[PDB]
file final.pdb (PDB, C-alpha atoms and all ligand atoms)
ATOM      1  CA  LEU E  29     126.955 107.734  94.425
ATOM      2  CA  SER E  30     126.389 106.889  98.106
ATOM      3  CA  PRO E  31     128.514 103.954  99.333
ATOM      4  CA  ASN E  32     125.461 101.654  99.607
ATOM      5  CA  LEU E  33     125.098 101.689  95.755
ATOM      6  CA  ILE E  34     127.256  99.981  93.160
ATOM      7  CA  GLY E  35     127.326 101.989  89.942
ATOM      8  CA  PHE E  36     126.923 100.023  86.703
ATOM      9  CA  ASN E  37     129.614 102.449  85.497
ATOM     10  CA  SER E  38     132.283 100.469  87.422
ATOM     11  CA  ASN E  39     134.179  97.196  87.176
ATOM     12  CA  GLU E  40     132.158  95.827  90.129
ATOM     13  CA  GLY E  41     128.844  96.816  88.531
ATOM     14  CA  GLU E  42     129.666  95.294  85.175
ATOM     15  CA  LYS E  43     130.733  92.087  87.008
ATOM     16  CA  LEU E  44     127.423  92.017  88.935
ATOM     17  CA  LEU E  45     125.723  91.889  85.563
ATOM     18  CA  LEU E  46     128.111  89.184  84.206
ATOM     19  CA  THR E  47     127.644  87.025  87.339
ATOM     20  CA  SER E  48     123.867  87.573  87.503
ATOM     21  CA  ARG E  49     121.577  84.635  86.759
ATOM     22  CA  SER E  50     118.453  86.909  86.493
ATOM     23  CA  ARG E  51     119.354  89.364  83.763
ATOM     24  CA  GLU E  52     117.253  88.498  80.655
ATOM     25  CA  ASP E  53     115.516  91.923  80.825
ATOM     26  CA  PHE E  54     118.827  93.767  80.670
ATOM     27  CA  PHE E  55     119.399  93.042  76.972
ATOM     28  CA  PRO E  56     116.161  94.401  75.502
ATOM     29  CA  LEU E  57     116.056  97.304  78.047
ATOM     30  CA  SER E  58     119.674  98.309  77.171
ATOM     31  CA  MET E  59     118.551  98.453  73.524
ATOM     32  CA  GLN E  60     115.687 100.861  74.395
ATOM     33  CA  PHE E  61     117.470 102.858  77.167
ATOM     34  CA  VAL E  62     116.444 106.532  76.970
ATOM     35  CA  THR E  63     116.950 109.779  78.830
ATOM     36  CA  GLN E  64     113.838 111.262  80.529
ATOM     37  CA  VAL E  65     112.773 114.557  78.932
ATOM     38  CA  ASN E  66     112.732 115.826  82.546
ATOM     39  CA  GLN E  67     112.100 114.476  86.036
ATOM     40  CA  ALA E  68     108.299 114.581  85.629
ATOM     41  CA  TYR E  69     108.698 112.342  82.600
ATOM     42  CA  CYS E  70     110.676 109.532  84.373
ATOM     43  CA  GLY E  71     107.644 107.242  84.243
ATOM     44  CA  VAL E  72     107.011 107.988  80.549
ATOM     45  CA  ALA E  73     110.685 107.196  79.734
ATOM     46  CA  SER E  74     110.318 103.977  81.779
ATOM     47  CA  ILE E  75     107.022 102.869  80.077
ATOM     48  CA  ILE E  76     108.323 103.391  76.552
ATOM     49  CA  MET E  77     111.473 101.312  77.176
ATOM     50  CA  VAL E  78     109.250  98.460  78.340
ATOM     51  CA  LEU E  79     106.668  98.969  75.565
ATOM     52  CA  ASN E  80     109.326  99.040  72.832
ATOM     53  CA  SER E  81     110.816  95.937  74.414
ATOM     54  CA  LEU E  82     107.432  94.121  74.376
ATOM     55  CA  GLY E  83     106.979  94.876  70.659
ATOM     56  CA  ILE E  84     103.269  95.751  71.154
ATOM     57  CA  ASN E  85     101.189  98.195  69.087
ATOM     58  CA  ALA E  86     103.572 101.124  68.648
ATOM     59  CA  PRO E  87     102.319 104.660  67.818
ATOM     60  CA  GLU E  88     102.520 105.780  64.179
ATOM     61  CA  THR E  89     103.532 109.467  64.097
ATOM     62  CA  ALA E  90     105.328 111.936  61.783
ATOM     63  CA  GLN E  91     108.601 111.925  63.807
ATOM     64  CA  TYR E  92     109.612 108.413  62.767
ATOM     65  CA  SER E  93     107.072 107.410  60.106
ATOM     66  CA  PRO E  94     106.870 104.990  58.248
ATOM     67  CA  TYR E  95     108.338 103.434  61.487
ATOM     68  CA  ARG E  96     106.295 102.626  64.568
ATOM     69  CA  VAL E  97     108.076 103.127  67.883
ATOM     70  CA  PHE E  98     107.250 104.362  71.380
ATOM     71  CA  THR E  99     108.875 107.644  72.198
ATOM     72  CA  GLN E 100     108.289 110.123  75.051
ATOM     73  CA  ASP E 101     107.031 112.662  72.478
ATOM     74  CA  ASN E 102     104.464 110.210  71.030
ATOM     75  CA  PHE E 103     103.382 108.319  74.123
ATOM     76  CA  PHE E 104     100.163 110.351  74.520
ATOM     77  CA  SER E 105      99.057 109.906  70.853
ATOM     78  CA  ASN E 106      96.865 107.022  72.196
ATOM     79  CA  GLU E 107      93.417 108.467  72.948
ATOM     80  CA  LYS E 108      92.890 106.093  75.970
ATOM     81  CA  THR E 109      96.303 107.133  77.386
ATOM     82  CA  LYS E 110      95.323 110.832  77.344
ATOM     83  CA  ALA E 111      92.103 109.950  79.206
ATOM     84  CA  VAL E 112      93.978 108.344  82.098
ATOM     85  CA  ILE E 113      95.695 111.648  82.920
ATOM     86  CA  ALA E 114      96.330 114.799  80.912
ATOM     87  CA  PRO E 115      99.759 114.924  79.232
ATOM     88  CA  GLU E 116     100.085 118.473  80.698
ATOM     89  CA  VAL E 117      99.622 117.185  84.207
ATOM     90  CA  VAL E 118     102.216 114.378  83.838
ATOM     91  CA  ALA E 119     104.656 116.926  82.288
ATOM     92  CA  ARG E 120     104.487 118.968  85.547
ATOM     93  CA  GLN E 121     103.913 116.468  88.362
ATOM     94  CA  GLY E 122     104.836 113.098  86.995
ATOM     95  CA  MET E 123     102.705 110.112  87.723
ATOM     96  CA  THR E 124     101.869 107.963  90.689
ATOM     97  CA  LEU E 125     102.223 104.162  90.884
ATOM     98  CA  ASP E 126      98.490 103.631  90.134
ATOM     99  CA  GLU E 127      98.722 106.117  87.221
ATOM    100  CA  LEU E 128     101.824 104.338  85.879
ATOM    101  CA  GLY E 129      99.699 101.123  85.957
ATOM    102  CA  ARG E 130      96.760 102.748  84.182
ATOM    103  CA  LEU E 131      98.982 104.457  81.523
ATOM    104  CA  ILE E 132     100.709 101.166  80.613
ATOM    105  CA  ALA E 133      97.327  99.285  80.601
ATOM    106  CA  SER E 134      95.959 101.857  78.096
ATOM    107  CA  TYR E 135      98.202 100.370  75.358
ATOM    108  CA  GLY E 136      96.536  96.946  75.872
ATOM    109  CA  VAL E 137      99.249  95.230  77.837
ATOM    110  CA  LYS E 138      98.748  93.223  81.066
ATOM    111  CA  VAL E 139      99.822  95.107  84.200
ATOM    112  CA  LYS E 140     100.004  94.132  87.868
ATOM    113  CA  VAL E 141     100.441  97.030  90.269
ATOM    114  CA  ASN E 142     102.028  96.173  93.588
ATOM    115  CA  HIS E 143     102.005  98.725  96.331
ATOM    116  CA  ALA E 144     104.673  97.948  98.969
ATOM    117  CA  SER E 145     101.976  98.167 101.686
ATOM    118  CA  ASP E 146     100.209  95.187 100.038
ATOM    119  CA  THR E 147     103.361  93.025  99.951
ATOM    120  CA  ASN E 148     106.640  92.447 101.727
ATOM    121  CA  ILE E 149     110.334  92.296 100.866
ATOM    122  CA  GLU E 150     110.493  88.464 100.639
ATOM    123  CA  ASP E 151     107.685  88.295  98.062
ATOM    124  CA  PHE E 152     109.044  91.345  96.156
ATOM    125  CA  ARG E 153     112.506  89.905  95.960
ATOM    126  CA  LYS E 154     111.311  86.461  94.923
ATOM    127  CA  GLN E 155     108.691  87.455  92.382
ATOM    128  CA  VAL E 156     110.915  90.096  90.745
ATOM    129  CA  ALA E 157     114.018  87.810  90.548
ATOM    130  CA  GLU E 158     111.731  85.270  88.748
ATOM    131  CA  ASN E 159     110.376  87.955  86.408
ATOM    132  CA  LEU E 160     113.885  89.096  85.515
ATOM    133  CA  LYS E 161     114.612  85.542  84.217
ATOM    134  CA  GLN E 162     111.572  85.455  81.924
ATOM    135  CA  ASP E 163     111.314  87.033  78.516
ATOM    136  CA  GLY E 164     108.227  89.190  77.775
ATOM    137  CA  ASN E 165     107.798  90.179  81.442
ATOM    138  CA  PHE E 166     109.232  93.501  82.723
ATOM    139  CA  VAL E 167     109.294  95.274  86.050
ATOM    140  CA  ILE E 168     109.222  99.017  86.705
ATOM    141  CA  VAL E 169     109.881 100.294  90.227
ATOM    142  CA  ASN E 170     108.620 103.472  91.910
ATOM    143  CA  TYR E 171     110.692 104.570  94.934
ATOM    144  CA  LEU E 172     111.917 107.549  97.008
ATOM    145  CA  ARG E 173     115.497 108.229  95.924
ATOM    146  CA  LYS E 174     116.686 109.576  99.269
ATOM    147  CA  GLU E 175     115.962 106.139 100.865
ATOM    148  CA  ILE E 176     118.654 104.651  98.663
ATOM    149  CA  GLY E 177     121.014 107.556  99.330
ATOM    150  CA  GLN E 178     120.173 109.412  96.176
ATOM    151  CA  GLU E 179     119.048 112.932  95.487
ATOM    152  CA  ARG E 180     115.650 113.292  96.580
ATOM    153  CA  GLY E 181     112.086 112.665  95.558
ATOM    154  CA  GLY E 182     110.088 109.864  94.012
ATOM    155  CA  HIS E 183     111.478 108.252  90.874
ATOM    156  CA  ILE E 184     110.391 105.560  88.402
ATOM    157  CA  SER E 185     112.726 103.305  86.391
ATOM    158  CA  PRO E 186     112.799  99.777  85.015
ATOM    159  CA  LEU E 187     114.727  96.910  86.641
ATOM    160  CA  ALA E 188     117.170  95.059  84.380
ATOM    161  CA  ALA E 189     118.699  92.402  86.590
ATOM    162  CA  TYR E 190     119.072  90.769  89.945
ATOM    163  CA  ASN E 191     122.379  89.697  91.393
ATOM    164  CA  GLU E 192     121.860  86.705  93.727
ATOM    165  CA  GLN E 193     125.375  86.859  95.331
ATOM    166  CA  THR E 194     124.932  90.443  96.535
ATOM    167  CA  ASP E 195     121.103  90.641  96.713
ATOM    168  CA  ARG E 196     121.122  93.728  94.538
ATOM    169  CA  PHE E 197     118.811  94.829  91.765
ATOM    170  CA  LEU E 198     119.892  96.788  88.692
ATOM    171  CA  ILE E 199     117.909  99.975  88.164
ATOM    172  CA  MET E 200     118.020 101.298  84.576
ATOM    173  CA  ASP E 201     117.863 104.894  85.755
ATOM    174  CA  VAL E 202     116.212 107.085  83.043
ATOM    175  CA  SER E 203     117.795 110.209  84.689
ATOM    176  CA  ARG E 204     120.928 109.416  82.709
ATOM    177  CA  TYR E 205     122.382 112.952  82.862
ATOM    178  CA  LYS E 206     122.264 112.685  86.712
ATOM    179  CA  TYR E 207     122.922 109.120  87.657
ATOM    180  CA  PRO E 208     124.251 105.888  86.114
ATOM    181  CA  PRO E 209     122.272 102.678  86.419
ATOM    182  CA  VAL E 210     122.823 101.503  90.005
ATOM    183  CA  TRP E 211     122.914  98.091  91.753
ATOM    184  CA  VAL E 212     120.833  98.594  94.889
ATOM    185  CA  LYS E 213     120.550  96.179  97.863
ATOM    186  CA  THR E 214     117.022  94.731  97.954
ATOM    187  CA  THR E 215     116.666  96.093 101.517
ATOM    188  CA  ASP E 216     117.403  99.703 100.370
ATOM    189  CA  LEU E 217     115.049  99.373  97.420
ATOM    190  CA  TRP E 218     112.351  97.903  99.673
ATOM    191  CA  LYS E 219     112.623 100.843 102.149
ATOM    192  CA  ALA E 220     112.543 103.277  99.193
ATOM    193  CA  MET E 221     109.342 101.736  97.792
ATOM    194  CA  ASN E 222     107.737 101.469 101.269
ATOM    195  CA  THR E 223     107.228 105.209 101.308
ATOM    196  CA  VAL E 224     104.056 107.202 101.017
ATOM    197  CA  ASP E 225     103.817 109.273  97.891
ATOM    198  CA  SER E 226     102.127 112.515  99.052
ATOM    199  CA  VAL E 227     100.445 112.915  95.642
ATOM    200  CA  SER E 228      98.645 109.508  95.872
ATOM    201  CA  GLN E 229      98.555 109.213  99.727
ATOM    202  CA  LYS E 230      99.530 105.632  98.893
ATOM    203  CA  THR E 231     102.687 103.655  99.188
ATOM    204  CA  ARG E 232     105.112 103.432  96.189
ATOM    205  CA  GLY E 233     105.966  99.961  94.776
ATOM    206  CA  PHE E 234     106.466  98.083  91.536
ATOM    207  CA  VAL E 235     104.541  97.132  88.419
ATOM    208  CA  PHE E 236     104.811  93.946  86.347
ATOM    209  CA  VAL E 237     104.203  94.297  82.630
ATOM    210  CA  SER E 238     103.623  91.624  80.011
TER     211      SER E 238
HETATM  212 CA    CA D   1     111.415  89.537  82.527
END

call {"tool": "encode", "arguments": {"input": "final.pdb", "output": "structure tokens"}}
result
Amino acid sequence: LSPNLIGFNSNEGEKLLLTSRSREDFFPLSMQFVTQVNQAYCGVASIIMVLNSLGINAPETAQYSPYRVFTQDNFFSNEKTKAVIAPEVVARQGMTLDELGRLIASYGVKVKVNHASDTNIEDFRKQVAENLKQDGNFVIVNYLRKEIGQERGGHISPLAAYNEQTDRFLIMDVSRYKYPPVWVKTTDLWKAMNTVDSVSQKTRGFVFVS
């Protein structure tokens, strides 16, 4: 972990959660926290945590039947979801911010896609900190890891909390074998999102889900 990041796996990072006043999302997300199948699946891992947490229409498949639950393995059972982008494609190249939006929307939830180029840090910080206080509203961020001092390319993960005192957001990093959840300064996360994803030729950003 680069010195700009506070790992959740530390006394400081636990305390940032205990002193946070915008942390409602942490509880349900922690209950659904999963490991990405692989890097290309970071967005799928992220969507299913949020979709399980929203309690929507879950897939009904053999794996867990009679139980209905979102899983990375069953996420593409939804015919509309497959139509957005082939499962095979996502398994190799991941998904863009717009695709993340469309994939979530395909399960009938309300989604607002926010490219960094269409907003600014003040509005991001403010709107997300609000969201993190509300139940039934989740945020997933899409960012370039290396801009926050992490190893490398574009990533997707849900946000769990905002710490007012330190102006840091908690990223529930689905790459759990690689990194812990991390408390990132809003300015680092902004710079990381304000990057052009070469696959979309568009800026990264964040999605609201309810
Ligand atoms: Ca929320």

call {"tool": "residues_near_ligand", "arguments": {"input": "final.pdb", "ligand": "ligand CA 1 (chain D)", "cutoff": "6 Å", "atoms": "only C-alpha atoms and all ligand atoms", "output": "CSV table (one decimal) with C-alpha atoms, in the coordinates of the input"}}
result
chain,number,residue,atom,x,y,z
E,53,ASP,CA,115.5,91.9,80.8
E,159,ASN,CA,110.4,88.0,86.4
E,160,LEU,CA,113.9,89.1,85.5
E,161,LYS,CA,114.6,85.5,84.2
E,162,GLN,CA,111.6,85.5,81.9
E,163,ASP,CA,111.3,87.0,78.5
E,164,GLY,CA,108.2,89.2,77.8
E,165,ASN,CA,107.8,90.2,81.4
E,166,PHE,CA,109.2,93.5,82.7

call {"tool": "residues_around", "arguments": {"input": "final.pdb", "residues": "residue 83 (chain E)", "least_positions_apart": "3", "cutoff": "10 Å", "atoms": "all atoms listed in the file", "output": "JSON, numbers by chain"}}
result
{"E": [78, 79, 80, 86, 96, 97, 98, 164]}

call {"tool": "resolve_selection", "arguments": {"input": "final.pdb", "expression": "the PyMOL selection byres (((chain E and resi 210-227) around 7) and not hetatm)", "output": "list in words"}}
result
residues 33, 34, 35, 36, 41, 144, 145, 149, 153, 170, 171, 172, 173, 175, 176, 195, 196, 197, 198, 199, 208, 209, 228, 229, 230, 231, 232 and 233 of chain E

call {"tool": "closest_residue", "arguments": {"input": "final.pdb", "among": "E:99, E:91, E:203, E:85", "to": "residue 68 (chain E)", "atoms": "only C-alpha atoms"}}
result
E:203

call {"tool": "atom_distance", "arguments": {"input": "final.pdb", "atom1": "CA of residue 29 (chain E)", "atom2": "CA of residue 179 (chain E)"}}
result
9.5 Å

call {"tool": "atom_distance", "arguments": {"input": "final.pdb", "atom1": "CA of residue 101 (chain E)", "atom2": "CA of residue 129 (chain E)"}}
result
19.2 Å

call {"tool": "atom_distance", "arguments": {"input": "final.pdb", "atom1": "CA of residue 116 (chain E)", "atom2": "CA of residue 65 (chain E)"}}
result
13.4 Å

call {"tool": "residues_around", "arguments": {"input": "final.pdb", "residues": "residue 64 (chain E)", "least_positions_apart": "2", "cutoff": "7 Å", "atoms": "only C-alpha atoms", "output": "list in words"}}
result
residues 62, 66, 67, 69, 70, 73, 202 and 203 of chain E

call {"tool": "write_last_selection", "arguments": {"input": "final.pdb", "atoms": "C-alpha atoms", "output": "compact mmCIF listing (two decimals), in the frame of the given file"}}
result
# COMPACT_ATOMS: atom_id res chain seq x y z
CA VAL E 62 116.44 106.53 76.97
CA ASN E 66 112.73 115.83 82.55
CA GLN E 67 112.10 114.48 86.04
CA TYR E 69 108.70 112.34 82.60
CA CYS E 70 110.68 109.53 84.37
CA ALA E 73 110.68 107.20 79.73
CA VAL E 202 116.21 107.08 83.04
CA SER E 203 117.80 110.21 84.69

call {"tool": "resolve_selection", "arguments": {"input": "final.pdb", "expression": "the PyMOL selection byres (((chain E and resi 126) around 9) and not hetatm)", "output": "list in words"}}
result
residues 123, 124, 125, 127, 128, 129, 130, 131, 141, 142, 143, 228 and 232 of chain E

call {"tool": "closest_residue", "arguments": {"input": "final.pdb", "among": "E:182, E:56, E:31, E:87", "to": "residue 105 (chain E)", "atoms": "all atoms listed in the file"}}
result
E:87

call {"tool": "closest_residue", "arguments": {"input": "final.pdb", "among": "E:157, E:118, E:82, E:76", "to": "residue 185 (chain E)", "atoms": "only C-alpha atoms"}}
result
E:76

call {"tool": "build_atoms", "arguments": {"input": "final.pdb", "residues": "region 33-48 of chain E", "atoms": "N, CA and C atoms", "output": "PDB file, keeping the file's coordinate frame"}}
result
ATOM      1  N   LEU E  33     125.467 101.965  97.177  1.00  0.00           N
ATOM      2  CA  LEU E  33     125.098 101.689  95.755  1.00  0.00           C
ATOM      3  C   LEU E  33     126.330 101.299  95.008  1.00  0.00           C
ATOM      4  N   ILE E  34     126.196 100.333  94.098  1.00  0.00           N
ATOM      5  CA  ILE E  34     127.256  99.981  93.160  1.00  0.00           C
ATOM      6  C   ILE E  34     126.837 100.503  91.769  1.00  0.00           C
ATOM      7  N   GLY E  35     127.604 101.455  91.255  1.00  0.00           N
ATOM      8  CA  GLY E  35     127.326 101.989  89.942  1.00  0.00           C
ATOM      9  C   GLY E  35     127.609 100.946  88.868  1.00  0.00           C
ATOM     10  N   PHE E  36     126.730 100.894  87.871  1.00  0.00           N
ATOM     11  CA  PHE E  36     126.923 100.023  86.703  1.00  0.00           C
ATOM     12  C   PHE E  36     128.154 100.530  85.951  1.00  0.00           C
ATOM     13  N   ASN E  37     128.444 101.822  86.114  1.00  0.00           N
ATOM     14  CA  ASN E  37     129.614 102.449  85.497  1.00  0.00           C
ATOM     15  C   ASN E  37     130.912 102.135  86.264  1.00  0.00           C
ATOM     16  N   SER E  38     131.074 100.885  86.704  1.00  0.00           N
ATOM     17  CA  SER E  38     132.283 100.469  87.422  1.00  0.00           C
ATOM     18  C   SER E  38     132.606  99.022  87.100  1.00  0.00           C
ATOM     19  N   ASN E  39     133.842  98.599  87.379  1.00  0.00           N
ATOM     20  CA  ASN E  39     134.179  97.196  87.176  1.00  0.00           C
ATOM     21  C   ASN E  39     133.296  96.264  88.007  1.00  0.00           C
ATOM     22  N   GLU E  40     133.010  96.636  89.258  1.00  0.00           N
ATOM     23  CA  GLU E  40     132.158  95.827  90.129  1.00  0.00           C
ATOM     24  C   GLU E  40     130.768  95.704  89.533  1.00  0.00           C
ATOM     25  N   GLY E  41     130.195  96.820  89.079  1.00  0.00           N
ATOM     26  CA  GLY E  41     128.844  96.816  88.531  1.00  0.00           C
ATOM     27  C   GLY E  41     128.692  96.074  87.220  1.00  0.00           C
ATOM     28  N   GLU E  42     129.723  96.088  86.398  1.00  0.00           N
ATOM     29  CA  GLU E  42     129.666  95.294  85.175  1.00  0.00           C
ATOM     30  C   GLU E  42     129.688  93.793  85.566  1.00  0.00           C
ATOM     31  N   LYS E  43     130.583  93.450  86.495  1.00  0.00           N
ATOM     32  CA  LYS E  43     130.733  92.087  87.008  1.00  0.00           C
ATOM     33  C   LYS E  43     129.454  91.534  87.681  1.00  0.00           C
ATOM     34  N   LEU E  44     128.750  92.388  88.402  1.00  0.00           N
ATOM     35  CA  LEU E  44     127.423  92.017  88.935  1.00  0.00           C
ATOM     36  C   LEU E  44     126.434  91.653  87.844  1.00  0.00           C
ATOM     37  N   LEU E  45     126.533  92.315  86.686  1.00  0.00           N
ATOM     38  CA  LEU E  45     125.723  91.889  85.563  1.00  0.00           C
ATOM     39  C   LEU E  45     126.218  90.558  84.955  1.00  0.00           C
ATOM     40  N   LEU E  46     127.539  90.412  84.825  1.00  0.00           N
ATOM     41  CA  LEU E  46     128.111  89.184  84.206  1.00  0.00           C
ATOM     42  C   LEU E  46     127.912  87.940  85.087  1.00  0.00           C
ATOM     43  N   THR E  47     127.888  88.137  86.404  1.00  0.00           N
ATOM     44  CA  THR E  47     127.644  87.025  87.339  1.00  0.00           C
ATOM     45  C   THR E  47     126.168  86.841  87.691  1.00  0.00           C
ATOM     46  N   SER E  48     125.289  87.698  87.172  1.00  0.00           N
ATOM     47  CA  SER E  48     123.867  87.573  87.503  1.00  0.00           C
ATOM     48  C   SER E  48     123.240  86.435  86.733  1.00  0.00           C
TER      49      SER E  48
END
